[PDB]
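Have a look at the structure below before the remarks.
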Amino acid sequence: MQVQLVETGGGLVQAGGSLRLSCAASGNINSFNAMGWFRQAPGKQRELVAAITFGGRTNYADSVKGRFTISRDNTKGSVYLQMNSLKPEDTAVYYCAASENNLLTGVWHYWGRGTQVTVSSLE
């Protein structure tokens, strides 16, 4: 079976709150290395906001630095996105992606179907 990615954890969240997204990759862990989270806000391209090498080294989009943390557990074939200090501007469809290779910028060979995260303002 080809590797498959299913994101969990999406939903509605209040601004200032937090949310963890998770993705298990099915199949053979040896067939992928780098993993990442993309987000597509309405009207926008899918934007890579966090990526992680097989060994755990990370890179973040400037727009999420200091607020989001990407991590992984290879014993569970999983990658996680802990999103703190959420803002309305973080509302988007969040996609997990994976690569056969171990670079933080592509090529993204495998994609989940995405999960919606909606951050509502307090005012």
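Since every read-out is calculated from the coordinates, none of them should be taken as a lab result. So basically every Cβ, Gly included, is an ideal-geometry build from the backbone, and we count neighbours across all protein chains shown.
Under the condition of being charged (D, E, K, R) and part of a loop (DSSP other than H, G, I, E, B), the residues counted in the stretch 33-80 number 5. Look at the stretch 105-117: where a residue is within 13 Å of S26 (Cβ to Cβ) and a partner is of a type in the set (G, A, S) and surrounded by 15 or more Cβ atoms within 10 Å (Cβ to Cβ), sitting 6+ places away or on another chain with Cβ atoms under 6 Å, you get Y110/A98. Among the residues of the stretch 65-92, the one identified as in contact with a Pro (Cβ under 9 Å, 6 or more places away or on another chain) and either farther than 20 Å from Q40 by Cβ or surrounded by fewer than 21 Cβ atoms within 10 Å (Cβ to Cβ) (or both) is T91.
Remark: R20 falls outside the filter, which requires a residue to be more than 20 Å from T118 (Cα to Cα) and surrounded by fewer than 14 Cβ atoms within 10 Å (Cβ to Cβ). Taken together, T91, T75 contain a single residue that is of a type outside the set (A, V, I, L, M), without any contact (Cβ under 8 Å) to a residue 60 or more places away in the chain and over 19 Å from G112 (Cβ atoms), which is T75. Just so you know, in the stretch 32-55 the residues that are of a type in the set (K, R) and surrounded by 14 or more Cβ atoms within 10 Å (Cβ to Cβ) include one that is farthest from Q82 (Cα to Cα), and it is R46.
The test for being surrounded by fewer than 17 Cβ atoms within 10 Å (Cβ to Cβ) and either over 19 Å from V107 (Cβ atoms) or not aliphatic (A, V, I, L, M) (or both) holds for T58.
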